[PDB]
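Report on the following structure.
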Amino acid sequence: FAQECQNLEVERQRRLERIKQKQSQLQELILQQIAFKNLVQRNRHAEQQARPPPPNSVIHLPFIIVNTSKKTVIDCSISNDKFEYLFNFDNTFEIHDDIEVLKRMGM
Amino acid sequence: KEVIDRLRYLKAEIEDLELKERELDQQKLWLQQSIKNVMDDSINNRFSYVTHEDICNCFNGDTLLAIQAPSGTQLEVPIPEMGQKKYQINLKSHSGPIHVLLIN
Amino acid sequence: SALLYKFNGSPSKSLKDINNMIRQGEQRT
């Protein structure tokens, strides 16, 4: 039939477009590991020339980075409900991940 | 007909495409596993951190908020509706407490 | 009615969609 041809050509491209994206995240995952390995190796070398204190000057993985304007007021609320955190901003913000900051710093 | 073996050809290619995805699904699932094994060595966890200087170099200006939470922590951000508009972040952590560093 | 992100278990594509949503806000249809 005919629409059995239109159905597989749309499904083809789909498969193709998905298999492609999968091969992209697959190398990204590889890049994530080498970046993590080098980051560890980098911190071990720095410790041999110096140990940094825990709550200060250090951020452990995983983490996120929230970026907003200097004029933006940030509020942190904890309620009666458990395992809940609520941050409020009076203006727009951006969220960045551990993976992206590792890429921005090289590895 | 031009269409009936446009079919047989297309229906001959998707299985190569099918198996390629099966392969790519197995490669991804034990690449992820190998990533999980590395980040929970106790020696590796000891040095899995970043400093202020690193954050500052990748984020020019402004106010920076660093939030650290255990794995599996869920982050929910609602739509900027109006009630003034609301920009918020809902954090749910079941495995522990969260640590927030104000970067300068 | 909201976008979700998971610490050490969610693609960075998730945060990109979150950042775009916040920057754009409510859109005309």
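Ordering of the structure tokens sets the chain letters (A, B, ...); residue numbers start at 1 within each chain; ligands are numbered from 1 in the order shown.
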
Distance-based interface of chain C with chain B, 10 Å, counting only C-alpha atoms, as a list in words: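 On the chain C side, the interface is residues 1, 2, 3, 4, 5, 6, 7, 8, 9, 10, 15, 18, 19, 21, 22, 23, 24, 25 and 26 of chain C.
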
8 Å contacts from chain A to chain B using only C-alpha atoms, as a PyMOL selection string: chain A and resi 1-2+4-5+8-9+12+15-16+19+22-23+26+29-30+33+36+39-40+43-44+56-70+83-93+101+104-105

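Scanning chain A with DSSP on the backbone, the strand (DSSP E or B) assignments fall on residues 59, 60, 63, 64, 65, 66, 67, 68, 74, 75, 76, 77, 85, 86, 87, 88, 89, 93, 94, 95, 96 and 97 of chain A.
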
Who sits within 12 Å of residue 31 (chain A), only C-alpha atoms, same chain under 6 positions skipped, as a VMD selection string: (chain A and resid 24 to 25 37 to 39 99 to 100 102 to 103 106 to 107) or (chain B and resid 31 35)

Please dump the current selection as a PDB file, in the first residue's frame; keep C-alpha atoms.
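Below is the file out.pdb, written as the result:
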ATOM      1  CA  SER A  24      26.262  12.300  20.689  1.00  0.00           C
ATOM      2  CA  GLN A  25      25.347  11.748  24.333  1.00  0.00           C
ATOM      3  CA  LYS A  37      39.368  11.791  36.102  1.00  0.00           C
ATOM      4  CA  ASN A  38      41.539  14.792  35.231  1.00  0.00           C
ATOM      5  CA  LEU A  39      39.718  16.972  37.762  1.00  0.00           C
ATOM      6  CA  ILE A  99      29.044  18.806  33.806  1.00  0.00           C
ATOM      7  CA  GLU A 100      29.057  22.183  32.056  1.00  0.00           C
ATOM      8  CA  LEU A 102      33.827  21.035  34.153  1.00  0.00           C
ATOM      9  CA  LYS A 103      33.750  21.582  30.384  1.00  0.00           C
ATOM     10  CA  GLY A 106      38.799  22.508  30.295  1.00  0.00           C
ATOM     11  CA  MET A 107      38.722  19.125  32.022  1.00  0.00           C
TER      12      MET A 107
ATOM     13  CA  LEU B  31      29.101   3.380  30.096  1.00  0.00           C
ATOM     14  CA  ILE B  35      30.735   6.240  35.393  1.00  0.00           C
TER      15      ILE B  35
END

All helix (DSSP H, G or I) residues (DSSP, backbone) inside chain C, as an NGL selection string: :C and (12-24)

Write to file, as a short mmCIF file (atom, residue, chain, number, x, y, z; two decimals), in the first residue's frame, the residues of the selection just made, with N, CA and C atoms.
data_model
loop_
_atom_site.label_atom_id
_atom_site.label_comp_id
_atom_site.auth_asym_id
_atom_site.auth_seq_id
_atom_site.Cartn_x
_atom_site.Cartn_y
_atom_site.Cartn_z
N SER C 12 22.00 17.49 30.65
CA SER C 12 22.18 18.94 30.70
C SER C 12 21.21 19.64 29.76
N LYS C 13 20.58 18.86 28.89
CA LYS C 13 19.55 19.36 27.99
C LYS C 13 18.33 19.80 28.78
N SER C 14 18.16 19.22 29.97
CA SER C 14 17.05 19.56 30.85
C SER C 14 17.17 20.98 31.38
N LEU C 15 18.38 21.35 31.81
CA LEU C 15 18.61 22.68 32.37
C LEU C 15 18.55 23.76 31.30
N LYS C 16 18.89 23.40 30.07
CA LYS C 16 18.82 24.34 28.95
C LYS C 16 17.37 24.72 28.69
N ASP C 17 16.47 23.74 28.78
CA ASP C 17 15.05 23.98 28.59
C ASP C 17 14.49 24.80 29.75
N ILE C 18 15.02 24.57 30.94
CA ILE C 18 14.62 25.34 32.12
C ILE C 18 15.04 26.80 31.98
N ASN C 19 16.29 27.01 31.58
CA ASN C 19 16.81 28.36 31.39
C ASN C 19 16.06 29.13 30.31
N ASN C 20 15.70 28.44 29.24
CA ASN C 20 14.93 29.05 28.16
C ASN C 20 13.52 29.41 28.59
N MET C 21 12.91 28.54 29.38
CA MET C 21 11.55 28.77 29.88
C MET C 21 11.49 30.00 30.78
N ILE C 22 12.47 30.13 31.67
CA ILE C 22 12.55 31.26 32.58
C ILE C 22 12.77 32.57 31.83
N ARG C 23 13.65 32.52 30.84
CA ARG C 23 14.00 33.72 30.07
C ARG C 23 12.86 34.17 29.16
N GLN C 24 12.10 33.22 28.63
CA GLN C 24 10.99 33.53 27.74
C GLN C 24 9.70 33.82 28.49
#

Å distance separating CA of residue 72 (chain A) from CA of residue 94 (chain A), one decimal place: 12.2 Å

Separation of CA of residue 17 (chain A) from CA of residue 3 (chain A) in Å: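 Between CA of residue 3 (chain A) and CA of residue 17 (chain A) the gap works out to 21.1 Å.
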
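Counting only C-alpha atoms, the residue from A:28, A:6, A:11, A:49 that sits nearest to chain C is A:28.
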